[PDB]
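Same order as they appear, the protein sequences are chains E, F, V, X, C and R. Be aware that the first sequence starts at 5, since it is given in PDB author numbering, and climbs by one per residue. Be aware that the second sequence starts at 403, since it is given in PDB author numbering, and climbs by one per residue. Read in order, the letters of the third sequence correspond to residues 221 to 232, 247 to 329 in PDB author numbering. Be aware that the fourth sequence starts at 896, since it is given in PDB author numbering, and climbs by one per residue. Be aware that the fifth sequence starts at 166, since it is given in PDB author numbering, and climbs by one per residue. Be aware that the sixth sequence starts at 1, since it is given in PDB author numbering, and climbs by one per residue. All residues carry an ideal CB built from backbone N, CA and C; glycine is no exception.
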Amino acid sequence: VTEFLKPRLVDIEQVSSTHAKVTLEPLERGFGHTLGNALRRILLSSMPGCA
Amino acid sequence: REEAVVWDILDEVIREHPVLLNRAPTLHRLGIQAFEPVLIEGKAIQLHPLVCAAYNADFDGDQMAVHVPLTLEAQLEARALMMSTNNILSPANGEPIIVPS
Amino acid sequence: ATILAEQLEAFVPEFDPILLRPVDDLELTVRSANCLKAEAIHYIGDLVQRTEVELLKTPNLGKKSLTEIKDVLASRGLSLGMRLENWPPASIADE
Amino acid sequence: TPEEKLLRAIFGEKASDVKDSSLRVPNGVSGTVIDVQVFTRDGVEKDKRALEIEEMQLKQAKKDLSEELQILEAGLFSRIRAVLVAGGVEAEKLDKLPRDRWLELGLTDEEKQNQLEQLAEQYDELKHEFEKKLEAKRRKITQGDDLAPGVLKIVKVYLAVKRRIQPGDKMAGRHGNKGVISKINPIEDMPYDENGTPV
Amino acid sequence: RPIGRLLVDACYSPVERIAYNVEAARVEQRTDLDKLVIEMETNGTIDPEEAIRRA
Amino acid sequence: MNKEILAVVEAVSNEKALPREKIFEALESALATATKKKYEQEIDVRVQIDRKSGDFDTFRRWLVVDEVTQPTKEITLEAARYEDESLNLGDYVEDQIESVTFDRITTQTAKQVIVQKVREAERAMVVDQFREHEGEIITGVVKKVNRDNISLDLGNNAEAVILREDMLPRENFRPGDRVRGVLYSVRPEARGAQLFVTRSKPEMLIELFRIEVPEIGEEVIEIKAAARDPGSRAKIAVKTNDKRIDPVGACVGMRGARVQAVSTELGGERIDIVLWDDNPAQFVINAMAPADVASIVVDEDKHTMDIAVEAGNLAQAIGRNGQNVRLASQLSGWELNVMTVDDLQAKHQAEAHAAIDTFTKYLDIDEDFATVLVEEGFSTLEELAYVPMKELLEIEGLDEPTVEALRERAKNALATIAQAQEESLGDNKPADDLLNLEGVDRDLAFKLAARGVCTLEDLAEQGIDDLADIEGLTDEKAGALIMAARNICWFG
DNA sequence: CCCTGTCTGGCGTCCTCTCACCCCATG
DNA sequence: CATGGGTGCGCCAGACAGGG
Ligand SMILES: [Mg+2]
């Protein structure tokens, strides 16, 4: 009952340079949005750095 | 019986084989257009919205017919003449028919 | 993913109790149950000690009722002619 | 084949060249068989299930008319109890005797003995009416039915499908706002408000 | 398999309404911190800390 | 209907030469099986067909048994005898059951069981009548060619198989080709191919010669041995009891016509025909044909023969890839060593020198006396130890005392050699002395003896450190064995 | 014969989905 | 059994009379 479809990055089609395109499958009928939204909001701000 | 192995067979034959979608009152030639199928869990033809302005198709209970080009010359005519990417201008004038509705 | 995972590490010898049952619990035909009661066989432990040749001497017990008794005993893992040492237990001798 | 014509050898009949084949039905619908009717043109042998349906409907109509008599007799005896509250009332003597004789108790020639005579008329009418109507209902169940030219028996089966909802059905309000329902979303994707409830 | 069984649909789902309301934090002297207050709505079959732990 | 059963039984009995009884027993079993399939429950069923009417009664059979394991098909003897006192263990109790209505299903099942009964009766009797064919060269039509086998049709629903190893290396068969081969094995695969056919084995050659040479079929000439390299070369050895018949000439035929017919059927296989001799040396000379043999030396103890040939004939005697010597060795049953006359003399000189060195070393005799023993035919210490005293006393210069002393020295030399090897490894001396310590396997005893620990005393004198390098011996196991050895040697 | 009134013919969107019912009548 | 006989459409258009 706690067994889901554990996913994986099937490919990293890094298009050209300083640009990647990472596809992850398979997730549940609803987990693509929650992982996309979680990673999108964290990368946007939380991720530190210098400028 | 529809066993577990015929759905991979089906995703093999559907690939690169266009079909002719057709609204029932076809008035001009943009009312028969050829698509490539994408399989649907369901019982309803999913039709790309821009193409609806060509068919005069709203979604208030409309029905469409699908036809299969059997022979090889007919698959090539569906891809090279009747494909929906090829009909982006109305033949009555110069105005685009894939206008966003 | 490392940041989001670090933000979640604070969350994550008379057989057994079957021998003590009455013969009526065996779901036998009304004929087979009444034939066994006429011979003073009250418990499953009494029935299991009797041989097939002894049960066939019982008045009105037919070959069909004997097959029914075997099939039902076999469904419970019991067979006719098992010897139980110390049957009946002293807990049953007073009814 | 020799073996096909050897149908006669073991049993009889004739040859087996004839295409043996059982009328099997097509697909597209599920269901649950809720009701089976069997009608028989008169003269034809009723099989065992047609006699099962005949015994079943005999039993149902027997129980139903007997409950008509029992329920209306219960109302009639309640009327007798309501009348005998006054005028020669027997508080203890009323339920010592069997209930079908609630008329010969101590009471003079009034409207109440007249009413008990009228209820006795109604009761004997219900008795003889129940006799003749149960005989007529056994006649209606037992008889055959006039049917098509050259048909033995008609079997009607009622499948009961339960169709839920899916992308493609048509819903509409009461003002002309039609629409094919296009996607059955999960619960989480719905726009919710600052209370918590999804639309 | 027999004709006497009856199959109902199965809604294996204990919760009904999950509403979070973020709000400002003052317990810690440090500001620009937040509190996450989640009001769930269970039907009684699931403990709330067990629900947040499984999630 | 009725008379039709009799007409079918008579037609099938006459056409398949089969007992009517066996057909009815099988129809009864077929109908019982067809009946069992109409019930949702596993029942036992007996069918009985009346032999005059063709009418049949079907029962619920109840196998009378002592202990009932299957209440749906079995009944106790006590319960069976309650219905009929005449019943015994193994009989059937019946139950009035609707006879399986014959239609097209029962008809097809009956047809299948009849066909199967004919395979186990008509076809079985045909194979019994063809006892010759089961062993001789059967002829079949190629039905199917697979990678690993060829299926042959023999007619009458008989299928045979030629395995890949049973084919000639250059044969290519097509479906519809006619193929001959020897039926070398009959197994029990009725469904499929129970018959195994060979073209590669020596029996194919023998039977081709039996057919092509009337004198072999009439038992005037006997084939004593056959050796074969399939599709390349064979040798056959022939004998006759009639001194008026040349057995080689008879098998060759006029201008080789008979041997060429056999060779052609075998895809151009070269066949040598040799005269069988009762003298092994003369038979090997004949088997070595076409190479001329100069001398033969026979070693009866090793079952080997050294064949000397002229240096010009060496390549012919060996043959291409050793084919001639190998076929001669397989035909004679002897191991055949082919060498030059010069090499044979050098081998004998080396063996004589090794025997002289052995006798000089172990018997404490001079080289002159050792040479006399080798010239009189003694090559081993065993011969000198065990040969009858009369043969040693026939040697010029040996007296009874000297022969006794020579035998005692030979026995003592044999004893010493055995003991030395048994102590060096773990054959007997270390397999008893060093292996006395409980726990010593034969391998460990030989590992100990390779370090010079040959006795239980030698092991009792060791430290754990002296044994630490022995593969499979832990310090604890070494310590236990040394203590066990000390307990026996010093405290026994 | 040159114009006028009448008389008959020919015709009127495309796909679908159910239903109900198909010649009396009788010497 | 087998056979035997309504009266709410409107325009166009050309052929057939019908005057003219
Ligand atoms: Mg529409």
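Within 8 Å, strictly: CB atoms of residue i and residue j
i, j, result
"X:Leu960", "X:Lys1028", "yes"
"R:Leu437", "R:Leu414", "no"
"V:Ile252", "V:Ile278", "yes"
"R:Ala355", "R:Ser379", "yes"
"R:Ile273", "R:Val220", "no"
"V:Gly315", "V:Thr285", "yes"
"X:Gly982", "X:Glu1005", "yes"
"R:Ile162", "R:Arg104", "no"
"R:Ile307", "R:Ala315", "no"
"R:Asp292", "R:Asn313", "yes"
"V:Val287", "V:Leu312", "no"
"R:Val142", "R:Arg174", "yes"
"R:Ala449", "R:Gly463", "no"
"residue 239 of chain V", "V:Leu290", "Inspection of chain V shows residue 232 followed directly by residue 247; residue 239 of chain V is thus not represented."
"X:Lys1032", "X:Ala956", "yes"
"F:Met466", "F:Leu422", "no"
"R:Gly181", "R:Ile137", "yes"
"R:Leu208", "R:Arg228", "no"
"R:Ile296", "R:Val309", "no"
"X:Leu1021", "X:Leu964", "yes"
"R:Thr304", "R:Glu351", "no"
"R:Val12", "R:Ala32", "no"
Whole-angstrom C-beta distance between residue j and residue i, which should lie under 8 Å
i, j, result
"X:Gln952", "X:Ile1036", "5 Å"
"E:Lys25", "E:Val19", "6 Å"
"R:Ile114", "R:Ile23", "6 Å"
"R:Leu152", "R:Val186", "Contact flag wrong, Cβ pair sits at about 14 Å."
"R:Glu83", "V:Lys297", "6 Å"
"R:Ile488", "R:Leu456", "6 Å"
"F:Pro471", "F:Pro420", "7 Å"
"R:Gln330", "R:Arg233", "11 Å between Cβ atoms; not a contact."
6 Å CB neighbourhood of residue i in its chain, flanking five on each side removed
i, result
"R:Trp62", "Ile75 and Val93"
"F:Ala459", "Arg425"
"R:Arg20", "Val9 and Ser13"
"X:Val931", "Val1052"
Close Cβ partners of residue i (< 7 Å) along its chain, the five nearest in sequence each way excluded
i, result
"X:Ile1082", "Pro1093"
"V:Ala267", "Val257 and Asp258"
"X:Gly926", "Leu1054, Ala1055 and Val1056"
"E:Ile16", "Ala24 and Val26"
"E:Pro30", "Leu9 and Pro11"
"R:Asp95", "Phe59 and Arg60"
Residues that DSSP places opposite residue i in a beta bridge
i, result
"R:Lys235", "R:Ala227 and R:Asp272"
"C:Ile217", "DSSP lists no partner for C:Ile217."
"R:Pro388", "According to DSSP, R:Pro388 bridges with nothing at all."
"R:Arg170", "DSSP, once it has assigned bridges, lists no residue as partnering R:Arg170."
"X:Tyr1087", "X:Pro1093"
"C:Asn186", "C:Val202"
"R:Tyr92", "R:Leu63"
"F:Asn424", "F:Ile434 and F:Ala467"
"C:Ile168", "According to DSSP, C:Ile168 bridges with nothing at all."
"X:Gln932", "X:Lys1051"
"R:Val197", "R:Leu183"
"R:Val8", "BP columns for R:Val8 are empty, so no partner."
"F:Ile416", "None; F:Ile416 has no bridge partner."
"V:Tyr277", "V:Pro256"
Same chain only: Cβ atoms within 8 Å of residue i, ignoring 5 sequence neighbours per side
i, result
"X:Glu908", "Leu902"
Which residues end up in the neighbourhood of ligand 1 when you take C-beta atoms closer than 5 Å to any of its heavy atoms?
Result: F:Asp460 and F:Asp464.
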